[PDB]
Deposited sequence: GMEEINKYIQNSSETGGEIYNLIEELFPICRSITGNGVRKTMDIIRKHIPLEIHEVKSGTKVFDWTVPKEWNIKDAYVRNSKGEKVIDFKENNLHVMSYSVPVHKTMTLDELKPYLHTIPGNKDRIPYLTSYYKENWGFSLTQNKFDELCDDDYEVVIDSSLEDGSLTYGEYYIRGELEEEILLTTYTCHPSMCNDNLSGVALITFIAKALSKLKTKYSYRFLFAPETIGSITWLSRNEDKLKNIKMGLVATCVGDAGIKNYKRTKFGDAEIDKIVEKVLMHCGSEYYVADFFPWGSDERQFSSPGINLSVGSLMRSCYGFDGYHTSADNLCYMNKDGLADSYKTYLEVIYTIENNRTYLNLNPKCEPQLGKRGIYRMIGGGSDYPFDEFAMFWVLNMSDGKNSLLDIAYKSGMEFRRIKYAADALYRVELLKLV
């Protein structure tokens, strides 16, 4: 039934490629926490999955936060007297500080310098900067290109707008047999950078695309929203729905060649933590698990004391990686096998969530005479521990065995009627 997910896991190599192509299509667009770039991004996503798109008015109070003004940008450049655009937004949108106020000026190098940003230690990288909440403006460039700049009169143009508007977020909901809900979120505010965070956006899109085709026990909600402000906005508009969210994962940085990393929920041993660590344990690659900390991505909002949901984060090279928030986080930094593997892992997690049943041994008094009914070690564990209190995940953990081994053992026993679902 959910065994239908197996073909998706088996074709993950090909899907890693499709996930990459979506990243490549999204790459050039200038996202921020608001704006037409976010809207162009939602359009592209809706070529793959349905979404309901929400627009929350600037000035709307979302718990302690206020929905900001909307920002947009047509062009930006620093041009020299010889006419050459020595900095050009059209070449890389990381060249402009996100939320830059509009500017049109002539300035000398010395007057421009304070608004220029480089990375001296990596003379070839463009730094990514933002200024969402204090009015400001900036240009980023490589140190190497900075070092070649002259004393001169430069035309400085940032053709932007910062006006009351609205904040875009997208949402897709799959109704399962049950209202209990698994939440998968990712953030849409980063512009032309790949691991952080076109990888999460493209991954969650394809997970949604696969789940759409299956009959699930749980309901699944997929949130695409700007980081921090988006999740706060969503929570402020959905307090009624929180009681059903059983578990969740924030997807980001899921595309590079490195090993998988799992950040636990604030509780450390919630069902989702136990499920994800059990999948990693038996997956055959290296991985690393970290405890919760109240910074990083939107798991901070979901794990606030007043929200208090079980949300972790399954990543590859976690944010902080070398080149993050710079132009080094580009298309060639994406790895197809990495994307394939992250997608496969998420699907295995979902398969585990769905098939984590609890059973009662219908012949608890000594073992049954296996043979009256037509992997024996797994079976003996399932019979032995199915007192009504142990889940298959519990048995997989105590036995040290892989989850599917336990599951298939339980299937076989259920067929010969030695188990009742409870």
Numbered from 1 along the deposited sequence, what ranges are absent from the coordinates?
375-387
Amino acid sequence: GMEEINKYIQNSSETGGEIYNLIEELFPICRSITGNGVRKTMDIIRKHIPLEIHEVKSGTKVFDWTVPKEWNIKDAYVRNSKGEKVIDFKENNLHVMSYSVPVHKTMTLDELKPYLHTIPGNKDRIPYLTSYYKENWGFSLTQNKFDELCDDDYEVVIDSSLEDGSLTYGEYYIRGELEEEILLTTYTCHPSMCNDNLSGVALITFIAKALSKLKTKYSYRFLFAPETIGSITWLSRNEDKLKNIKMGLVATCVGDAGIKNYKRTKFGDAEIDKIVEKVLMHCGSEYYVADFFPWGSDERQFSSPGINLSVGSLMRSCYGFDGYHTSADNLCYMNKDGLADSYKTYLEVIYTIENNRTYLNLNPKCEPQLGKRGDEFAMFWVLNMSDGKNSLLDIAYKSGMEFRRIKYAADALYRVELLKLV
From here on, numbers count along this sequence of modelled residues.
Between 348-356 and 152-160 (mean CA B-factor, as deposited), the higher
152-160
Stretch with the higher entry mean CA B-factor, where the candidates are 359-367 and 54-62
54-62
Using the temperature factors in the entry, find which of 222, 132, 206, 292 has the highest value at its Cα atom.
132
Sort 256, 298, 147, 341 by C-alpha B-factor from the entry and give me just the highest.
147
Within this chain's modelled residues, let me know which third the CA B factor of residue 267 belongs to: lowest, middle or highest.
middle
State the tercile, meaning the lowest, middle or highest third, of residue 227 with respect to the CA B-factors recorded for its chain.
middle
By the entry's values, the third containing the CA B factor of residue 372 is the highest
Taking only the Cα B-factors deposited for this chain, tell me whether residue 277 sits in the lowest, middle or highest third.
middle
Residue 331: CA temperature factor from the record, placed by chain third, in the lowest
